[PDB]
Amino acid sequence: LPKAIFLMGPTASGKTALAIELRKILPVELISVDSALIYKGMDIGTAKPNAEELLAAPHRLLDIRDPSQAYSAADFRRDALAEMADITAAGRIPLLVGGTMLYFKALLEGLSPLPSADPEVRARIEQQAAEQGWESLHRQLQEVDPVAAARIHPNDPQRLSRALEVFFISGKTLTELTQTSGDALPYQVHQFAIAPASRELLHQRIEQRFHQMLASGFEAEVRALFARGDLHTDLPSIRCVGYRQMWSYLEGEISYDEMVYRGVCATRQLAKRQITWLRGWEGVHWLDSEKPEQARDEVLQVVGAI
């Protein structure tokens, strides 16, 4: 029953600023919960905290992967669980910060044990999709596992491939393995969510930030990655907002003005989904990004002195 804090929130919601200000009055250690901040070399498009901020408040799980190696909600959970153990072992409190809700969830509720990704069976699935379409595969999942086929839409290639993969590797069906649940988070958690008061102030912040990034050398950063020659668009790192568009721009597929437009829209569509996650998230305390930055007080009380 150790204590832990979750500081969730969409992009451009001032999450980071709040976490370090909290580090000031609470014995907390920061753990980054972000599928893109894990990459080395991806610093400005990911809104990664700068060296000075990191100097003040060290973050765990930052720069732990090369953009060529994918991460997962499961690896995060493992690494997070371990990091939390270390932190609480030192008499302090884990403060998990980020906007990757699926990770927060996997950590909180756990994940039913399933086989990890197998490049080989996925290549075979991709090949059969190019030949017969994702339809033949959905019709095949329908035979072996129809609970899943009713949930997964025939147009969702990621989930479809995933449900077949699990079966082709284990022989056991996806709905069957998921009957066994994962280990819940053995902590007492205080969950907070912070966002600007209006959807449109969020949009303004997203737009002005994108421009600050371009002004800070974002293009140069993405080019260094483009020049490596070993990265591609089926990699999570290259599909990150901003990066995917800039990649299209470097490839000569779109113009500069067009890249800026799509990056901003992509960032807004991302924010919109993060809010969809937070809506209905159980036990969440809402805070406000706009000036109520002095929201550390609501935190202060919900968590009470520690």
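Don't overthink the numbering: it's just position in the shown sequence, from 1.
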item: Comparing 181 to 189 with 134 to 142, the one whose average Cα B-factor in the PDB entry is higher; value: 181 to 189
item: Average Cα temperature factor in the PDB entry - higher stretch of 266 to 274, 49 to 57; value: 49 to 57
item: Among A123, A74, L95, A197 - the residue whose C-alpha B-factor is largest in the record; value: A197
item: Member of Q158, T233, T100, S216 with the greatest C-alpha B factor (per the PDB record); value: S216
item: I5 by Cα B-factor - lowest, middle or highest third of the modelled chain; value: lowest
item: Cα B factor band for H211 (lowest, middle or highest third within the chain); value: middle
item: Modelled-residue ranking by C-alpha temperature factor, third containing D34; value: lowest
item: Third assignment of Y256 from its chain's C-alpha B-factors; value: highest
item: Within-chain third of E83 by Cα B-factor, per the entry; value: middle
